[PDB]
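Working notes, structure below.
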Amino acid sequence: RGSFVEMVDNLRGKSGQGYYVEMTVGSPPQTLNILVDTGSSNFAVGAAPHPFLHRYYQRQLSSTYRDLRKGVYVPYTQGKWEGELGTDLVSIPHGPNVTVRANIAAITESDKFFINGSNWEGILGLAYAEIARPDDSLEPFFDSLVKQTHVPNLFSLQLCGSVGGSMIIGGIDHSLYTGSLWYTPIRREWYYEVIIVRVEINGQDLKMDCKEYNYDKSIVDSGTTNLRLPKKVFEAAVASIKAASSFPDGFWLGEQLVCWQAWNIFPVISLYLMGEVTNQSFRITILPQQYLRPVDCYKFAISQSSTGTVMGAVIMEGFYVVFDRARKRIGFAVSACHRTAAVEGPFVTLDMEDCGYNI
Ligand SMILES: C[C@@H](N)Cc1ccc(O)cc1
């Protein structure tokens, strides 16, 4: 229950290109490297010899593949992916010793989806059915896993910033963190939505209506690199970090990098998250090591958003993060692989419910 040595160090990546896990699809098993994404809900894999791909799902070679005779189209601002739906047998070699029949989108056409020079060929959407495409009737991978096996309904991520990490499927590994886990409620089961109730720069409150910290929504998303903040909050955050570190104007907007010869002028950032108890919150503290990401040239790893707050790899790399789906909560503890990053509580915060934005 608290030890999963087989699953420790099962993630790899390249800086800025996400974290991936080895998976097998079909019979006989086809090995594929798959992007771990808590911000989406489709299991989708390259199914055609796109030039950027080391390998791809060859449906014709699999005796257990079943055609669902249905297309799926996922548009982005940039480009897109498009594919054909089916089911097949799926395993995770460095995961639980089980095999499940899962939905798979065989990607037949894409634009700006596969990265030139990356070592992954698909995406594993770990979020809920509600945001699955084409609709919520397409059961996500993790739902299928839980429905078909005795694997407990939770997973955890230790993202260590080329890069490596651990995805513990069905449990928690206590050697992957120090101190205690602190839990924040999943507000709704679509994205991993949470509520930020207070933001501090260097220990100083931003003094904003907390509703705006979640304007639209706040999510935990392993497929995003940056800490993304709502426009107005980003505005205030930058203005406060700027004043704490008194650099070009375009650097703050992510329009150009800044280079130095091969930290203390930059403040710590505390996010207070809604706790499990009425009027109780806790805080996570991230270092400038987290929001200043090397590409010695660094890209300011905080950016504005029109889709709400996104707690991406920047945040997650400082912490062991538990996606406790059974109890509708997300746990945070100091990573045993990350001034140090901190998770602290309890704090008294009133009117935390008001911080959630409603349609
Ligand atoms: C992480 C996904 N939800 C979004 C995404 C997909 C492909 C890519 O190259 C970059 C980002």
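Residues in the structure tokens are named by chain (A, B, ... in the order shown) and by number from 1 within that chain; ligands are numbered from 1 in the order shown.
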Which residues are near ligand 1 in this structure, taking near to mean any atom at most 12 Å from a ligand atom and counting only C-alpha atoms and all ligand atoms? Format them as a ChimeraX atom specification. /A:16-20,34-46,52,74-81,110-127,131-132,191,220-226,310,312-313
Please dump the current selection as an mmCIF file, in the first residue's frame; keep C-alpha atoms.
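Result file result-v3.cif:
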```cif
data_model
loop_
_atom_site.group_PDB
_atom_site.id
_atom_site.type_symbol
_atom_site.label_atom_id
_atom_site.label_comp_id
_atom_site.auth_asym_id
_atom_site.auth_seq_id
_atom_site.Cartn_x
_atom_site.Cartn_y
_atom_site.Cartn_z
ATOM 1 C CA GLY A 16 9.607 21.573 -21.744
ATOM 2 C CA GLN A 17 8.487 18.519 -23.761
ATOM 3 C CA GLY A 18 6.530 16.806 -20.967
ATOM 4 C CA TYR A 19 6.847 13.525 -19.067
ATOM 5 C CA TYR A 20 6.184 10.156 -20.691
ATOM 6 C CA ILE A 34 3.140 8.069 -23.890
ATOM 7 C CA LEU A 35 2.799 11.636 -22.559
ATOM 8 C CA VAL A 36 1.237 11.750 -19.089
ATOM 9 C CA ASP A 37 -1.440 14.448 -19.150
ATOM 10 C CA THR A 38 -3.708 15.214 -16.171
ATOM 11 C CA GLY A 39 -5.323 17.992 -18.220
ATOM 12 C CA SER A 40 -7.053 15.813 -20.821
ATOM 13 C CA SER A 41 -9.077 12.586 -20.963
ATOM 14 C CA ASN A 42 -8.269 10.771 -24.219
ATOM 15 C CA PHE A 43 -5.840 7.927 -24.737
ATOM 16 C CA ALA A 44 -4.548 8.807 -28.210
ATOM 17 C CA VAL A 45 -1.585 7.354 -30.078
ATOM 18 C CA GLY A 46 0.140 7.907 -33.411
ATOM 19 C CA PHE A 52 8.677 12.764 -36.220
ATOM 20 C CA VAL A 74 -9.492 17.583 -31.398
ATOM 21 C CA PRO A 75 -8.813 21.199 -32.466
ATOM 22 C CA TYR A 76 -6.247 23.502 -30.856
ATOM 23 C CA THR A 77 -5.365 27.167 -31.491
ATOM 24 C CA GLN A 78 -2.129 25.917 -33.067
ATOM 25 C CA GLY A 79 -3.170 22.800 -34.942
ATOM 26 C CA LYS A 80 -4.965 19.598 -33.982
ATOM 27 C CA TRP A 81 -5.207 15.840 -33.869
ATOM 28 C CA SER A 110 -2.381 15.876 -36.860
ATOM 29 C CA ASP A 111 -0.812 19.331 -36.948
ATOM 30 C CA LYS A 112 1.687 20.695 -34.392
ATOM 31 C CA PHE A 113 0.883 17.787 -32.073
ATOM 32 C CA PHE A 114 3.970 15.562 -32.348
ATOM 33 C CA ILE A 115 7.168 17.427 -31.462
ATOM 34 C CA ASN A 116 10.176 17.205 -33.800
ATOM 35 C CA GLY A 117 12.839 15.397 -31.770
ATOM 36 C CA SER A 118 10.742 14.118 -28.868
ATOM 37 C CA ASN A 119 10.645 10.478 -27.763
ATOM 38 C CA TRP A 120 6.857 10.128 -27.266
ATOM 39 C CA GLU A 121 4.157 8.996 -29.745
ATOM 40 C CA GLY A 122 0.864 9.418 -27.900
ATOM 41 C CA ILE A 123 -0.976 11.014 -24.998
ATOM 42 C CA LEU A 124 -2.577 9.487 -21.901
ATOM 43 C CA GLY A 125 -5.417 11.662 -20.674
ATOM 44 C CA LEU A 126 -5.788 11.028 -16.947
ATOM 45 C CA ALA A 127 -8.662 13.443 -16.226
ATOM 46 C CA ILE A 131 -13.938 16.566 -21.059
ATOM 47 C CA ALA A 132 -13.309 13.425 -23.138
ATOM 48 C CA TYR A 191 -10.315 18.661 -15.119
ATOM 49 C CA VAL A 220 -3.529 20.687 -11.872
ATOM 50 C CA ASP A 221 -2.178 19.789 -15.320
ATOM 51 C CA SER A 222 0.994 17.740 -15.918
ATOM 52 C CA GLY A 223 0.823 18.395 -19.684
ATOM 53 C CA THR A 224 1.455 22.143 -19.204
ATOM 54 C CA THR A 225 4.983 23.416 -18.530
ATOM 55 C CA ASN A 226 4.265 26.787 -16.957
ATOM 56 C CA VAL A 310 -2.906 26.128 -14.557
ATOM 57 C CA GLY A 312 1.787 22.871 -14.564
ATOM 58 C CA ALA A 313 5.142 21.090 -14.314
#
```
Among stretch 9-202 of chain A, which residues does DSSP mark as alpha helix (DSSP H) when it is run on the backbone? Keep the chain and numbering as in the structure and answer as a PyMOL selection string. chain A and resi 141-148
Write the residues of the selection above to a file with N, CA, C and O atoms, as a PDB file, in the first residue's frame.
```pdb
ATOM      1  N   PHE A 141      -9.019   6.117 -19.955  1.00  0.00           N
ATOM      2  CA  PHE A 141      -8.186   4.978 -19.600  1.00  0.00           C
ATOM      3  C   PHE A 141      -8.279   4.575 -18.135  1.00  0.00           C
ATOM      4  O   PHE A 141      -8.489   3.397 -17.822  1.00  0.00           O
ATOM      5  N   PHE A 142      -8.101   5.548 -17.245  1.00  0.00           N
ATOM      6  CA  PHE A 142      -8.020   5.250 -15.817  1.00  0.00           C
ATOM      7  C   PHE A 142      -9.322   4.685 -15.241  1.00  0.00           C
ATOM      8  O   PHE A 142      -9.288   3.807 -14.375  1.00  0.00           O
ATOM      9  N   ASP A 143     -10.453   5.192 -15.728  1.00  0.00           N
ATOM     10  CA  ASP A 143     -11.771   4.627 -15.420  1.00  0.00           C
ATOM     11  C   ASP A 143     -11.839   3.147 -15.814  1.00  0.00           C
ATOM     12  O   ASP A 143     -12.251   2.313 -15.012  1.00  0.00           O
ATOM     13  N   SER A 144     -11.413   2.827 -17.038  1.00  0.00           N
ATOM     14  CA  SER A 144     -11.380   1.438 -17.515  1.00  0.00           C
ATOM     15  C   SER A 144     -10.504   0.552 -16.636  1.00  0.00           C
ATOM     16  O   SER A 144     -10.881  -0.573 -16.306  1.00  0.00           O
ATOM     17  N   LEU A 145      -9.334   1.066 -16.272  1.00  0.00           N
ATOM     18  CA  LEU A 145      -8.405   0.363 -15.397  1.00  0.00           C
ATOM     19  C   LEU A 145      -9.054   0.002 -14.053  1.00  0.00           C
ATOM     20  O   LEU A 145      -8.967  -1.138 -13.596  1.00  0.00           O
ATOM     21  N   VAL A 146      -9.707   0.983 -13.438  1.00  0.00           N
ATOM     22  CA  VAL A 146     -10.338   0.798 -12.134  1.00  0.00           C
ATOM     23  C   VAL A 146     -11.548  -0.140 -12.234  1.00  0.00           C
ATOM     24  O   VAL A 146     -11.710  -1.027 -11.406  1.00  0.00           O
ATOM     25  N   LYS A 147     -12.369   0.054 -13.264  1.00  0.00           N
ATOM     26  CA  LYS A 147     -13.554  -0.765 -13.516  1.00  0.00           C
ATOM     27  C   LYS A 147     -13.253  -2.251 -13.752  1.00  0.00           C
ATOM     28  O   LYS A 147     -14.057  -3.111 -13.394  1.00  0.00           O
ATOM     29  N   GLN A 148     -12.099  -2.548 -14.339  1.00  0.00           N
ATOM     30  CA  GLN A 148     -11.781  -3.906 -14.782  1.00  0.00           C
ATOM     31  C   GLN A 148     -10.826  -4.669 -13.868  1.00  0.00           C
ATOM     32  O   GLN A 148     -10.684  -5.885 -13.998  1.00  0.00           O
TER      33      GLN A 148
END
```
Residues within 10 Å of residue A:256, please, as a PyMOL selection string. Count only C-alpha atoms; anything in the same chain fewer than 5 positions from it doesn't count. chain A and resi 248-251+298-300
Apply DSSP to the structure's backbone, then extract all residues of stretch 116-335 of chain A labelled strand (DSSP E) and return them as a VMD selection string. chain A and resid 122 to 125 155 to 160 163 to 169 177 to 185 193 to 194 196 to 201 204 to 205 218 to 220 227 to 230 258 to 259 269 to 274 280 to 286 292 to 294 297 to 300 302 to 305 309 to 311 319 to 324 329 to 335
Residues within 10 Å of residue A:219, only C-alpha atoms, excluding chain neighbours under 3 positions, as a PDB file with N, CA, C and O atoms, in the first residue's frame:
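Output file selection03.pdb is given in full below:
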```
ATOM      1  N   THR A  38      -2.558  15.108 -17.077  1.00  0.00           N
ATOM      2  CA  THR A  38      -3.708  15.214 -16.171  1.00  0.00           C
ATOM      3  C   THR A  38      -4.703  16.293 -16.593  1.00  0.00           C
ATOM      4  O   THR A  38      -5.710  16.506 -15.924  1.00  0.00           O
ATOM      5  N   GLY A  39      -4.432  16.959 -17.711  1.00  0.00           N
ATOM      6  CA  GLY A  39      -5.323  17.992 -18.220  1.00  0.00           C
ATOM      7  C   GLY A  39      -6.182  17.592 -19.407  1.00  0.00           C
ATOM      8  O   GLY A  39      -6.818  18.442 -20.029  1.00  0.00           O
ATOM      9  N   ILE A 186     -11.159  18.188  -4.905  1.00  0.00           N
ATOM     10  CA  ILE A 186     -11.442  18.319  -6.321  1.00  0.00           C
ATOM     11  C   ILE A 186     -12.826  18.966  -6.385  1.00  0.00           C
ATOM     12  O   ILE A 186     -13.797  18.397  -5.891  1.00  0.00           O
ATOM     13  N   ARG A 187     -12.904  20.169  -6.947  1.00  0.00           N
ATOM     14  CA  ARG A 187     -14.160  20.917  -6.950  1.00  0.00           C
ATOM     15  C   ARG A 187     -15.223  20.292  -7.853  1.00  0.00           C
ATOM     16  O   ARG A 187     -16.394  20.204  -7.478  1.00  0.00           O
ATOM     17  N   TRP A 190     -13.948  17.010 -13.834  1.00  0.00           N
ATOM     18  CA  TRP A 190     -13.784  17.146 -15.279  1.00  0.00           C
ATOM     19  C   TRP A 190     -12.286  17.284 -15.556  1.00  0.00           C
ATOM     20  O   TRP A 190     -11.635  16.297 -15.892  1.00  0.00           O
ATOM     21  N   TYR A 191     -11.741  18.486 -15.382  1.00  0.00           N
ATOM     22  CA  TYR A 191     -10.315  18.661 -15.119  1.00  0.00           C
ATOM     23  C   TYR A 191     -10.091  18.340 -13.646  1.00  0.00           C
ATOM     24  O   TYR A 191     -11.046  18.192 -12.895  1.00  0.00           O
ATOM     25  N   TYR A 192      -8.837  18.254 -13.215  1.00  0.00           N
ATOM     26  CA  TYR A 192      -8.566  18.209 -11.783  1.00  0.00           C
ATOM     27  C   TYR A 192      -8.656  19.626 -11.221  1.00  0.00           C
ATOM     28  O   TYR A 192      -7.646  20.307 -11.033  1.00  0.00           O
ATOM     29  N   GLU A 193      -9.894  20.071 -10.998  1.00  0.00           N
ATOM     30  CA  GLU A 193     -10.162  21.450 -10.586  1.00  0.00           C
ATOM     31  C   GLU A 193     -10.051  21.619  -9.071  1.00  0.00           C
ATOM     32  O   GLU A 193     -10.614  20.842  -8.311  1.00  0.00           O
ATOM     33  N   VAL A 194      -9.336  22.658  -8.655  1.00  0.00           N
ATOM     34  CA  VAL A 194      -9.146  22.980  -7.238  1.00  0.00           C
ATOM     35  C   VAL A 194      -9.429  24.466  -7.020  1.00  0.00           C
ATOM     36  O   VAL A 194      -9.699  25.201  -7.988  1.00  0.00           O
ATOM     37  N   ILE A 195      -9.356  24.909  -5.767  1.00  0.00           N
ATOM     38  CA  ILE A 195      -9.587  26.311  -5.438  1.00  0.00           C
ATOM     39  C   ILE A 195      -8.403  26.953  -4.714  1.00  0.00           C
ATOM     40  O   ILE A 195      -7.985  26.497  -3.641  1.00  0.00           O
ATOM     41  N   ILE A 196      -7.864  28.005  -5.324  1.00  0.00           N
ATOM     42  CA  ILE A 196      -6.842  28.833  -4.699  1.00  0.00           C
ATOM     43  C   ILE A 196      -7.538  29.943  -3.921  1.00  0.00           C
ATOM     44  O   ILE A 196      -8.409  30.634  -4.455  1.00  0.00           O
ATOM     45  N   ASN A 214      -9.222  32.048  -9.451  1.00  0.00           N
ATOM     46  CA  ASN A 214      -9.860  30.903 -10.065  1.00  0.00           C
ATOM     47  C   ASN A 214     -10.792  31.352 -11.194  1.00  0.00           C
ATOM     48  O   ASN A 214     -11.771  30.667 -11.510  1.00  0.00           O
ATOM     49  N   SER A 222      -0.387  18.176 -15.696  1.00  0.00           N
ATOM     50  CA  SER A 222       0.994  17.740 -15.918  1.00  0.00           C
ATOM     51  C   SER A 222       1.461  17.902 -17.375  1.00  0.00           C
ATOM     52  O   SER A 222       2.653  17.767 -17.668  1.00  0.00           O
ATOM     53  N   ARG A 228       0.410  28.941 -15.117  1.00  0.00           N
ATOM     54  CA  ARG A 228      -0.412  29.879 -15.856  1.00  0.00           C
ATOM     55  C   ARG A 228      -1.415  30.543 -14.919  1.00  0.00           C
ATOM     56  O   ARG A 228      -2.072  29.867 -14.132  1.00  0.00           O
ATOM     57  N   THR A 307      -7.952  30.763 -19.742  1.00  0.00           N
ATOM     58  CA  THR A 307      -8.607  29.508 -19.358  1.00  0.00           C
ATOM     59  C   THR A 307      -8.475  29.210 -17.853  1.00  0.00           C
ATOM     60  O   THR A 307      -8.745  28.085 -17.411  1.00  0.00           O
ATOM     61  N   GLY A 308      -8.072  30.223 -17.081  1.00  0.00           N
ATOM     62  CA  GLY A 308      -7.918  30.109 -15.638  1.00  0.00           C
ATOM     63  C   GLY A 308      -6.501  29.791 -15.193  1.00  0.00           C
ATOM     64  O   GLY A 308      -5.562  29.872 -15.986  1.00  0.00           O
ATOM     65  N   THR A 309      -6.342  29.424 -13.920  1.00  0.00           N
ATOM     66  CA  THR A 309      -5.032  29.051 -13.384  1.00  0.00           C
ATOM     67  C   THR A 309      -4.651  27.632 -13.793  1.00  0.00           C
ATOM     68  O   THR A 309      -5.463  26.714 -13.698  1.00  0.00           O
ATOM     69  N   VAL A 310      -3.417  27.459 -14.252  1.00  0.00           N
ATOM     70  CA  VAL A 310      -2.906  26.128 -14.557  1.00  0.00           C
ATOM     71  C   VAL A 310      -1.656  25.857 -13.733  1.00  0.00           C
ATOM     72  O   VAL A 310      -0.643  26.550 -13.868  1.00  0.00           O
ATOM     73  N   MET A 311      -1.750  24.852 -12.869  1.00  0.00           N
ATOM     74  CA  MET A 311      -0.610  24.419 -12.068  1.00  0.00           C
ATOM     75  C   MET A 311       0.141  23.332 -12.836  1.00  0.00           C
ATOM     76  O   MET A 311      -0.100  22.132 -12.652  1.00  0.00           O
ATOM     77  N   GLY A 312       1.040  23.773 -13.710  1.00  0.00           N
ATOM     78  CA  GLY A 312       1.787  22.871 -14.564  1.00  0.00           C
ATOM     79  C   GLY A 312       3.034  22.298 -13.919  1.00  0.00           C
ATOM     80  O   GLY A 312       3.208  22.365 -12.700  1.00  0.00           O
TER      81      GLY A 312
END
```
Quick one: residues within 12 Å of residue A:239, only C-alpha atoms counted, chain neighbours fewer than 3 positions away excluded, as a PyMOL selection string? chain A and resi 201+206+232-236+242-246+249+252-253
Identify, on the basis of only C-alpha atoms, every residue whose closest approach to stretch 26-32 of chain A does not exceed 6 Å; exclude the query and any residue fewer than 4 positions from it along the same chain; express the result as a ChimeraX atom specification. /A:22,62-64,88-89
Next, the residues of the selection above should be written as a CSV table (one decimal), in the first residue's frame with N, CA, C and O atoms.
```csv
chain,number,residue,atom,x,y,z
A,22,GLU,N,6.2,4.4,-20.5
A,22,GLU,CA,6.2,3.3,-21.4
A,22,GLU,C,4.9,2.5,-21.3
A,22,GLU,O,4.5,2.2,-20.2
A,62,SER,N,-2.4,-6.3,-34.5
A,62,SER,CA,-3.0,-6.7,-33.2
A,62,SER,C,-4.3,-7.5,-33.4
A,62,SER,O,-5.3,-7.1,-34.0
A,63,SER,N,-4.3,-8.7,-32.8
A,63,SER,CA,-5.4,-9.6,-32.9
A,63,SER,C,-6.6,-9.3,-32.0
A,63,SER,O,-7.7,-9.8,-32.2
A,64,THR,N,-6.3,-8.4,-31.0
A,64,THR,CA,-7.3,-8.0,-30.0
A,64,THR,C,-8.0,-6.7,-30.3
A,64,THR,O,-8.8,-6.2,-29.5
A,88,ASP,N,-8.5,-1.8,-27.5
A,88,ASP,CA,-7.5,-2.9,-27.5
A,88,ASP,C,-7.0,-3.1,-26.1
A,88,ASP,O,-7.4,-2.4,-25.1
A,89,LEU,N,-6.2,-4.2,-25.9
A,89,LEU,CA,-5.6,-4.5,-24.6
A,89,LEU,C,-4.4,-3.6,-24.3
A,89,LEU,O,-3.5,-3.4,-25.2
```
Long-range neighbours of stretch 338-351 of chain A as a PyMOL selection string, 10 Å cut-off, only C-alpha atoms, 2 positions minimum in chain: chain A and resi 158-161+177-182+197-198+210+264+268-275+277-290+315-320+332-336+353-355
Take the residues that were just selected and, keeping N, CA and C atoms, output them as a short mmCIF file (atom, residue, chain, number, x, y, z; two decimals), in the first residue's frame.
```cif
data_model
loop_
_atom_site.label_atom_id
_atom_site.label_comp_id
_atom_site.auth_asym_id
_atom_site.auth_seq_id
_atom_site.Cartn_x
_atom_site.Cartn_y
_atom_site.Cartn_z
N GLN A 158 5.38 12.08 -9.10
CA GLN A 158 6.58 12.76 -8.66
C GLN A 158 7.35 13.16 -9.90
N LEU A 159 7.24 14.42 -10.29
CA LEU A 159 7.96 14.93 -11.44
C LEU A 159 9.26 15.60 -10.99
N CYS A 160 10.38 14.99 -11.36
CA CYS A 160 11.70 15.54 -11.01
C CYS A 160 12.26 16.23 -12.24
N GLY A 161 12.54 17.52 -12.12
CA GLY A 161 13.06 18.28 -13.24
C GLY A 161 14.50 17.94 -13.57
N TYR A 177 8.27 11.43 -0.82
CA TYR A 177 8.05 12.72 -0.19
C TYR A 177 8.53 12.77 1.26
N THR A 178 8.68 13.98 1.78
CA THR A 178 9.00 14.21 3.17
C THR A 178 7.89 15.06 3.79
N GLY A 179 7.79 15.03 5.11
CA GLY A 179 6.75 15.73 5.83
C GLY A 179 5.42 15.04 5.61
N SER A 180 4.35 15.83 5.60
CA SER A 180 3.00 15.29 5.51
C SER A 180 2.30 15.72 4.22
N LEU A 181 1.37 14.89 3.77
CA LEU A 181 0.46 15.22 2.67
C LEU A 181 -0.66 16.14 3.15
N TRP A 182 -0.97 17.14 2.34
CA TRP A 182 -2.09 18.04 2.59
C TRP A 182 -3.04 17.98 1.39
N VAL A 197 -7.17 30.10 -2.66
CA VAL A 197 -7.88 31.01 -1.76
C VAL A 197 -7.06 32.23 -1.37
N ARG A 198 -5.75 32.20 -1.65
CA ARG A 198 -4.85 33.28 -1.30
C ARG A 198 -3.51 33.09 -2.03
N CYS A 210 -10.44 36.77 -4.17
CA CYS A 210 -9.93 35.42 -4.38
C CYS A 210 -10.60 34.68 -5.55
N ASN A 264 18.34 34.71 -5.29
CA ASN A 264 17.92 35.46 -4.10
C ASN A 264 17.24 36.80 -4.37
N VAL A 268 9.92 34.00 -3.09
CA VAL A 268 9.14 32.77 -3.09
C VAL A 268 7.67 33.09 -3.39
N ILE A 269 6.94 32.13 -3.95
CA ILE A 269 5.52 32.31 -4.22
C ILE A 269 4.69 31.26 -3.48
N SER A 270 3.76 31.73 -2.66
CA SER A 270 2.89 30.85 -1.89
C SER A 270 1.46 30.84 -2.44
N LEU A 271 0.97 29.65 -2.74
CA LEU A 271 -0.43 29.49 -3.10
C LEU A 271 -1.11 28.79 -1.94
N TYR A 272 -2.19 29.39 -1.47
CA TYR A 272 -2.98 28.78 -0.42
C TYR A 272 -4.14 28.10 -1.09
N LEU A 273 -4.32 26.83 -0.77
CA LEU A 273 -5.36 26.03 -1.37
C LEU A 273 -6.40 25.71 -0.32
N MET A 274 -7.65 25.56 -0.77
CA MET A 274 -8.74 25.17 0.11
C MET A 274 -8.42 23.81 0.75
N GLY A 275 -8.63 23.71 2.06
CA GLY A 275 -8.37 22.48 2.78
C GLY A 275 -9.58 21.56 2.84
N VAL A 277 -11.28 20.93 5.56
CA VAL A 277 -12.14 21.36 6.65
C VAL A 277 -12.61 22.80 6.44
N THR A 278 -13.89 23.03 6.72
CA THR A 278 -14.47 24.37 6.73
C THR A 278 -13.52 25.37 7.39
N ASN A 279 -13.26 26.47 6.68
CA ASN A 279 -12.39 27.56 7.12
C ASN A 279 -10.90 27.19 7.28
N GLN A 280 -10.52 26.01 6.79
CA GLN A 280 -9.14 25.56 6.91
C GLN A 280 -8.48 25.47 5.53
N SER A 281 -7.32 26.10 5.40
CA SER A 281 -6.54 26.00 4.18
C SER A 281 -5.12 25.52 4.49
N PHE A 282 -4.33 25.32 3.44
CA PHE A 282 -2.90 25.07 3.58
C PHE A 282 -2.16 25.79 2.47
N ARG A 283 -0.84 25.90 2.58
CA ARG A 283 -0.12 26.58 1.52
C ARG A 283 1.04 25.78 0.94
N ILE A 284 1.21 25.93 -0.36
CA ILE A 284 2.39 25.41 -1.03
C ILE A 284 3.29 26.58 -1.42
N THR A 285 4.60 26.40 -1.24
CA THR A 285 5.56 27.45 -1.54
C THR A 285 6.54 26.98 -2.60
N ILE A 286 6.61 27.72 -3.70
CA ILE A 286 7.51 27.38 -4.79
C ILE A 286 8.69 28.36 -4.89
N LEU A 287 9.82 27.84 -5.34
CA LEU A 287 11.05 28.61 -5.40
C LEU A 287 11.24 29.23 -6.79
N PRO A 288 12.09 30.25 -6.90
CA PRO A 288 12.48 30.79 -8.21
C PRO A 288 13.14 29.74 -9.11
N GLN A 289 13.73 28.71 -8.51
CA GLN A 289 14.22 27.54 -9.25
C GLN A 289 13.12 26.89 -10.09
N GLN A 290 11.88 27.04 -9.63
CA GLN A 290 10.72 26.46 -10.31
C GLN A 290 10.19 27.33 -11.44
N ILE A 315 5.02 24.08 -11.07
CA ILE A 315 4.53 23.85 -9.72
C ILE A 315 4.79 22.41 -9.29
N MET A 316 4.35 21.46 -10.10
CA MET A 316 4.36 20.04 -9.74
C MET A 316 5.74 19.47 -9.43
N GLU A 317 6.78 19.98 -10.08
CA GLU A 317 8.14 19.47 -9.87
C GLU A 317 8.67 19.68 -8.45
N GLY A 318 8.08 20.62 -7.72
CA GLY A 318 8.45 20.83 -6.33
C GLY A 318 7.76 19.90 -5.35
N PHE A 319 6.81 19.11 -5.85
CA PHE A 319 5.91 18.37 -4.96
C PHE A 319 5.62 16.96 -5.40
N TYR A 320 5.29 16.12 -4.42
CA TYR A 320 4.66 14.84 -4.69
C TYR A 320 3.17 15.14 -4.72
N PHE A 332 -0.77 17.18 -1.64
CA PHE A 332 0.52 17.81 -1.88
C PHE A 332 1.47 17.56 -0.72
N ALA A 333 2.68 17.11 -1.04
CA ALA A 333 3.77 17.00 -0.07
C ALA A 333 5.06 17.42 -0.73
N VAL A 334 6.03 17.82 0.08
CA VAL A 334 7.33 18.21 -0.44
C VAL A 334 7.97 16.98 -1.10
N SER A 335 8.39 17.15 -2.35
CA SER A 335 9.01 16.06 -3.09
C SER A 335 10.38 15.73 -2.50
N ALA A 336 10.70 14.44 -2.43
CA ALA A 336 12.02 14.02 -2.00
C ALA A 336 13.05 14.18 -3.13
N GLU A 353 -15.42 29.40 -0.11
CA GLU A 353 -16.39 28.99 -1.12
C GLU A 353 -16.59 30.08 -2.16
N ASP A 354 -16.54 31.33 -1.70
CA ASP A 354 -16.65 32.50 -2.58
C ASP A 354 -15.54 32.59 -3.62
N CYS A 355 -14.46 31.85 -3.43
CA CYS A 355 -13.31 31.90 -4.34
C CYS A 355 -13.55 31.14 -5.64
#
```
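Taking atom CA of residue A:171 and atom CA of residue A:189 as the two end points, the separation is 19.4 Å.
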Minimum-distance residue to residue A:230, chosen among A:85, A:267, A:304, A:292 (using only C-alpha atoms):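 Smallest distance to residue A:230 is found for A:304.
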From the list A:156, A:203, A:188, A:92, the nearest residue to residue A:129 using only C-alpha atoms is A:188
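Considering only C-alpha atoms, the residue among A:173, A:296, A:216, A:200 positioned nearest to residue A:322 is A:173.
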